[PDB]
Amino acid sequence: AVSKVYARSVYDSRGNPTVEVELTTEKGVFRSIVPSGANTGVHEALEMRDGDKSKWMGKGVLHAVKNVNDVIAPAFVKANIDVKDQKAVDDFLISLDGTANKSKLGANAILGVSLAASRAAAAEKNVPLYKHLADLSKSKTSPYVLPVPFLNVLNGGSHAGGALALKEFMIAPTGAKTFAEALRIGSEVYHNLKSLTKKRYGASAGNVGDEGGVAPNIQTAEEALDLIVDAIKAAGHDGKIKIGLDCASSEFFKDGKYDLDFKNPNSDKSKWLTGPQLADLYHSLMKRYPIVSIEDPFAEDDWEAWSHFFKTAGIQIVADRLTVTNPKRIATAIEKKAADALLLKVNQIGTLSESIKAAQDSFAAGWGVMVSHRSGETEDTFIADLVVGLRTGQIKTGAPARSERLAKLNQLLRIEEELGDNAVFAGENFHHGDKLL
């Protein structure tokens, strides 16, 4: 059924090259695009870049593209794989690479094929993608569950001015009754926030960062959080809207400690914090603000810190760089009681099947799963169909600005509309969306 496998370079939302794959079958042409992160988990599967400093500042994907076209394609076509057998598709791809971290072909060569095969499979089966993905993952479909969108509204951290160390501040309309309502009220808080931001930080403070949130010179998480609370209140949405954070603590972890002044070029080791000290910051924030989720509070291999904090955190704790959507690392994180939610980024692992396994393992342990974009996204809408397919009840796909973000949120509106009464909104139950009766 697959007659052609073809890759090209296209541009992600930051204007950097990435791999787009097209699979041709009797049912037509099926396209998937590979996303890209920044300051990525050190344990993520290989994102292969050309490193030709003379083109694209070394970020070309000509090499990965060649791997699709000259290596994967002729082997994939001749193998007569049934695309409906996602496991077979991905087992073949993994077998062809032959390395733990897809370092022979690149995860960005393999993933596009994995994802395109699933769209081709849905076409063959004459079902929408989300229905096929539920089939693949054996998720229940009566009712489907539409996710709470965790909307980035403000960014701090390594790519913003000011001293604010924490990376993502998100609003989650857990109190909304429908996904349509969630997106609307979230857009309204967003606009209220841009307005307040411009009034307080200047006209330019309205400009947006990579994920679409405002990113002005902010000094402390409390400053950011007071600001967001002000916007929520102004928009009249207190008590339908809660807050999520992504600390991205791996970006300020050095030598075993946490440097919150990691931007400040002369940081004093005397106030680099231990895990417990940093845990005390998060505790203070929790007491003061309506935070319902915290992601990467500690660094990607700092197990003792995660495990100590998790006992008493009492809210959703999400693993991103800790777990890297990798069933092996997820197993450890479960055993160590380090977290209770997986941030699922398909390109961290490089195949759909491994990503589905990642999610099944997390649900089995009573963990939640937040499906997630990358900071470098594209017009590809796969993750919208995925979060519904896996019935997780929560997605993180950016601010309600920039269309590499709206593209997913818009796909969710279409999915919501298509399903009518055969879908529920996750709402207060986002953590265990998969277990909703």
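One-based numbering along the sequence shown.
Q: Mind pulling up the entry and telling me whether 43-51 or 384-392 has the higher mean Cα temperature factor?
A: The recorded data point to 43-51.
Q: Going by the average Cα B-factor in the PDB entry, point out whether 347-355 or 94-102 comes out higher.
A: Between 94-102 and 347-355, it is 94-102 that shows the higher mean C-alpha B-factor.
Q: Between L245, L281, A123, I110, which one tops the list for Cα B-factor in this entry?
A: Max CA B-factor in the entry, restricted to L245, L281, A123, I110: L281.
Q: From the list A75, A134, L322, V89, select the residue with the highest C-alpha B factor recorded in the entry.
A: Highest C-alpha B-factor among the listed residues goes to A75.
Q: Which third, lowest, middle or highest, does the CA B-factor of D259 fall in along this chain?
A: Tercile = highest for this residue's CA B-factor.
Q: When the deposited Cα B-factors of this chain's modelled residues are ordered and cut into thirds, is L115 in the lowest, the middle or the highest one?
A: Bottom third by C-alpha B-factor.
Q: Among the modelled residues of this chain, does the Cα B factor of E379 put it in the lowest, middle or highest third?
A: Ranked within chain, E379 CA B lands in the middle tercile.
Q: Once the chain's modelled residues are ordered by C-alpha B factor and cut into thirds, is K177 in the lowest, middle or highest one?
A: It belongs to the middle third of the chain when residues are ordered by C-alpha B-factor.
Q: Is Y201 in the lowest, middle or highest third of its chain when residues are ranked by C-alpha B-factor?
A: According to the entry, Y201 has a C-alpha B-factor in the chain's highest third.
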